[PDB]
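Asker: Supplied in structure tokens, the structure appears directly below.
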Amino acid sequence: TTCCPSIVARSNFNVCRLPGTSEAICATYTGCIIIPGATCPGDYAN
């Protein structure tokens with residue numbers, strides 16, 4: 001599951017994903033994170 005820190009970060013993440021870039025690279029690019037669970041924490045609410 002991906003969790004993002006802000007709306008901007010999410011929006012950027014989604015653009016990053018459009019060419020098929022792995023989630024992990026889009027994560028470091030944006031500040032979003034990949035977790036194994038499905039429950040994003042309050043500071044990664046977006």
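Each Cβ is built from the backbone N, Cα and C atoms, and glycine gets one as well.
Sharing the record's features from Swiss-Prot:
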type: DISULFID; residues: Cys3-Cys40; note: disulfide bond
type: DISULFID; residues: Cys4-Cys32; note: disulfide bond
type: DISULFID; residues: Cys16-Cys26; note: disulfide bond
Asker: Highest Cβ count within 10 Å among the disulfide-bonded residues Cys3, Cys16, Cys40: which residue is it?
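Answerer: Per the Cβ count within 10 Å, the most buried is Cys3.
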Asker: For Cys26 (disulfide bond), which residues of its chain lie six or more apart in sequence with Cβ-Cβ distance below 8 Å?
Answerer: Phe13, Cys16, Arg17, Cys32
Asker: What is the interatomic distance between the Cα atoms of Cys4 (disulfide bond) and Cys40 (disulfide bond), given in whole Å?
Answerer: 8
Asker: State the three-class DSSP label for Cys32 (disulfide bond), counting H, G and I as helix, E and B as strand, and everything else as coil.
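Answerer: The residue in question, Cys32 (disulfide bond), is coil (DSSP, three-state).
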Asker: What does DSSP call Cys16 (disulfide bond) in the simple three-state scheme?
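Answerer: In three-state terms, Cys16 (disulfide bond) counts as helix.
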Asker: Please classify the secondary structure at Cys26 (disulfide bond) using three-state DSSP.
Answerer: helix
